[PDB]
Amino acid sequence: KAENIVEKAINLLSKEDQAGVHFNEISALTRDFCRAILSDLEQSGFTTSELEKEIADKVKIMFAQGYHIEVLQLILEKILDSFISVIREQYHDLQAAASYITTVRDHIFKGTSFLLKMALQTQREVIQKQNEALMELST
């Protein structure tokens, strides 16, 4: 459990284009995300809130640091894979495994949806900023 996901996710990400982002930051992000989605999962009543928090925050950070935000999507994707992999190992009951994997896939897909919204909102805010700058400054 736990880190066994993280080190797996990280491993997959080791094989992927990092979009300029330093690998230690990549790893940290992976850890924050896994931590968040696990906090959400252990919950009763299906909470998406923690992962959402991490995502919003990290969108902010990413944009401030000037890195392509898509790199988060990738991370999520790999995390998903990681879970699947681990759950294929640890759970020999195919029904239980199927259910856990289904709920994880749910959480993740909703997470990437939220991620899309956030990234777009942010970039729009900036585009507007620059727009007002442009016009009210063409005086």
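So that there is no doubt, residue numbering starts at 1 and follows the sequence shown.
Just going by the entry, 41-49 versus 69-77 on mean CA temperature factor gives the higher value to 41-49. For the segment pair 25-33 and 89-97, the entry gives 89-97 the higher mean B-factor, averaged over Cα atoms. Among all modelled residues in this chain, the alpha-carbon of residue 105 has a temperature factor (C-alpha) in the middle third.
Per-chain ranking of the deposited C-alpha B factor places residue 127 in the highest third. Among all modelled residues in its chain, residue 120 ranks in the highest third by Cα B-factor.
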